[PDB]
Structure formats: structure tokens, C-alpha cells
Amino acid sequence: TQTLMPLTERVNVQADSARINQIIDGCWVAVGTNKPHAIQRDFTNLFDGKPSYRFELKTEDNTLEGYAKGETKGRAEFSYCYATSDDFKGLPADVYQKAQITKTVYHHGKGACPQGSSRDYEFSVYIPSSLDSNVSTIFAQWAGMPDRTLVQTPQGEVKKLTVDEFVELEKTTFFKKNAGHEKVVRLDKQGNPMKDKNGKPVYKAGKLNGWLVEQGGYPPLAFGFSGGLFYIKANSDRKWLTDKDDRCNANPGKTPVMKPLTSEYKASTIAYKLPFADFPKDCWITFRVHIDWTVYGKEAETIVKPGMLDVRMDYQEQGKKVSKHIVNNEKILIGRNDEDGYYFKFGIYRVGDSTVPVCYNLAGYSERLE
């Protein structure tokens, strides 16, 4: 009988549409390392009558680089936002091709909410007693959607390029995350141009050429464990073009609850914290999250209207129903000053250059209006 079933298909949501065989349970796509044990359907642990999702990253499963040199991180998550082939059906072939280049493929897919909207989210997590108290992982996060056609020229001027102008720039610039490098033709030992799986030319990253594109950035909301604490962290970035060098980020252990750490353009708030030992183990915990996203002033870079965060934590204890109003309708700055909105993800995002093993289950996602 089936116990655990590995779900190994992975999708690059920013640069590729998901194929039908990669979609999980009709509403998810997986991102991160493809190890069989990374993500598995779990028939031994049902949530609401359906097999749950078991996530696991062993000590050597980090495959990503952090912002600081040498630092690493790991990822095995599900994204509720992705585009499918049906999303591009009927359109000229170049729409999808340009979307791959601008890495905005998922802008054509379902799963994201608009800027400044009000939404309800719900999901459940199961933390086994085997989880080490000192893990450094985010198990649920709401990510932003920056459009890289917003760039900074070598001079330092911020400019919103058209898709075609960005395509033009991309022809001479190789982007490593948000930083532009001279696009160098990659040759083999015999100085011959290298191709890939589809016979498409391959390139290399030369020296920095001064260009920067909007990319990355802290997730506006994250649920996780760090420094022996369960915490909920909200982030706000009002700058039109995000500055990745501004590392304004609240420390769960050192930052007081609901007292935002701020820089000129960012605010990072620890909305709630709890000792890891007090987080219920070996049972399903359901979080009901309501978010009123902060409204930003675009080019003006102003906070037009503050946001709002509300969180309820429900679980069974002593056979009794428990519901903790852990974040009580708190006015807060939450979101990013972008044209597009946000999407949900859950699973494992091991950060802080940690390699402590992580394993837990997630299930029952739902979102609605309010």
C-alpha cells in the first residue's frame, strides 16, 4: 500500500508555464530541490480527508546562495501562483517568449491578489516532536511580484522600460539575480559557441555593467521558526525600485512584538513570537489569516494607507478545541510598492545559513475575499 509518494516535478514560475503533469492537486506547482524526499504526498497523515504534504530537507539539501558571500539556503515549497499553457493559448507566440525573458510568465497565471486588496487565507501545519527546536525555516510566506522592466541605469537613474526595451537590454546584459553583467558568449575548450537542450545559445556573466533590475526582496509576510522561536514577520518596502542592499529585517528574538524596525523605505515587524517548546506538536494547527495590504503611492513612494494583519491559531488540545487570537487586528505596514500583488507559498525555506534538518507537514490551503 502507498505510504509516501514523492512529488518531484518542479516549475520555474517566473520563466516557464507549468505543464499539466507538473500541477499538483489541480492548484499547486512545486519549487526548489527535486530530491524525492523533499516533497511527498503523505497518505499516513490525512488532513480534512485528504493526504497531506510532507516536506523535508536533510542536512545537505541547501542548493541556494544567500545575500552574504558563502551563505547558503534551501528550498522545497509549493506555489499557489503559476501560469499554464492554457493561459497563453490563442496569443502570438512572442507574448510567452517575451514573458520568459522578462521573467513575468506567472503574471499571466492564477494565484495572485492585487495591490492594496483585502484577503483571507487559511492553511494548516503539522509539526512532529522530531523537529529540532533550533531549525531556521519559514513554513509559509506571501511573496511579492516585482516586474524587472523597472530598472536602474549605470548612472543611477530609475527607469520603467517597455517589454521590448527590456528585451533589447537583455540582449547585451546577463542578470545575476538583480545585477547586470556584460553578456559574454560562452565557448568550449575548442572556442566553439555552446548550445543547450534546445540548441539555444548559452552565455556567461562578465563584469558588472551598471544595470540593475527589480528582483527578489523580502516576502511581505512570513511564518517560521528561528532562534528557538515561532514567529510571524511582516515586511513593507515603499521604495518604487527596491534597494536590495537595505537589509532592514527584524530579528525574532531581539525585536519587540509589534514595534517595527525601520529604514528610510522599509519596515520589518515581528507581529507575534512564541517559544518553540510552546508550539503544539504532533497535531494539526490551522491558521486563519486576514490581510489588508498596505497601499503605496507608486512613483511618489508614499504610504497612502497602512495595512492590517489578523491571525487566529486553532488546534486540538486535551481533546478540546482551542483558538488563540495571536495577532489581533493589528494596523501594520505590509507589502511592496509594485504594480503587481502577492501570492502564497508553503513548505520549507531554510535560511540563516542553516543546515539543521527540517521536516513537517502542510495542507488545507484556501483563500477568499473579505
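Residue positions are given as counts along the sequence shown, with the first one as 1.
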Mean temperature factor over C-alpha atoms, higher-scoring stretch between 166-174 and 235-243: 166-174
Looking only at C-alpha temperature factors in the entry, 317-325 or 42-50, the higher average sits in 317-325
Per the deposited B-factor column, the C-alpha that peaks among 288, 98, 110, 181 belongs to 181
Checking the entry, which one of 269, 129, 263, 124 has the top C-alpha B factor? 129
For the chain shown, is the CA B-factor of residue 137 in the lowest, middle or highest third of its modelled residues? lowest
If you rank every modelled residue in this chain by C-alpha B factor, which third holds residue 61: lowest, middle or highest? highest
Ordered by C-alpha B-factor within the chain, which third holds residue 23? Give me lowest, middle or highest, please. middle
Within this chain's modelled residues, let me know which third the CA B factor of residue 148 belongs to: lowest, middle or highest. highest
Comparing against every modelled residue in the chain, figure out the third that the C-alpha B-factor of residue 116 lands in (lowest, middle or highest). middle
